[PDB]
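Take a look at this single chain in structure tokens; it is the form deposited in one PDB entry.
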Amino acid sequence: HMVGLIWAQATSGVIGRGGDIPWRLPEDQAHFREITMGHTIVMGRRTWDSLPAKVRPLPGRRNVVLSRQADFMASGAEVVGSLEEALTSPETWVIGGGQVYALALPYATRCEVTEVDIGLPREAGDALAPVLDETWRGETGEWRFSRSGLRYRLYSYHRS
């Protein structure tokens, strides 16, 4: 069972605020599909709730939602009460949010990280990216320009 994490962060490490992602990067959707299509995607229940009803579940992937709530209904997803329960297919991508990235990092051998060149200083209640330690290796891709007006770039990090 391989596990990867995929996220986008501002240079501050902020990934979420007010139940949403505080930028848009339409051009990076193809990369997100490329990585995740045909695989299991795992997300925390706050990330599931952040997806509009019309976009969820994400098509072409097995959607799994992590919650402690016995009852919890996430229609079009399988709800599980632990991360280890999700991790049963050959390839699983954790697609957010902050709590779940922190839970899943020990299990991961890939992180696909888009860095957005925005000064987005941290504020109370923000969701933050996990911190990568020295075990991680990988390169910094070249800058790309979004029509949203922001530069962004892709880190493909991996470890054994």
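Residues carry their position along the shown sequence, with the first being 1. Under this definition, the rigid core comprises the largest set of C-alpha atoms superposing within 1.5 Å between the forms.
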Stretch with the higher entry mean CA B-factor, where the candidates are 129-137 and 98-106: 129-137
Mean C-alpha temperature factor, higher of 53-61 and 24-32: 53-61
For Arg68, the third of its chain into which the C-alpha B factor falls: highest
Where the record places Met43 (Cα B-factor, split into thirds across the chain): lowest
Lowest, middle or highest third - CA B-factor, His1: highest
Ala124, C-alpha B-factor rank within chain (lowest, middle or highest third): highest
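If you look for the form deposited in another entry, you will not find it shown, but the lines that follow are about it.
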C-alpha of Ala70 off by 2 Å or more between this form and the one not shown on rigid core: yes
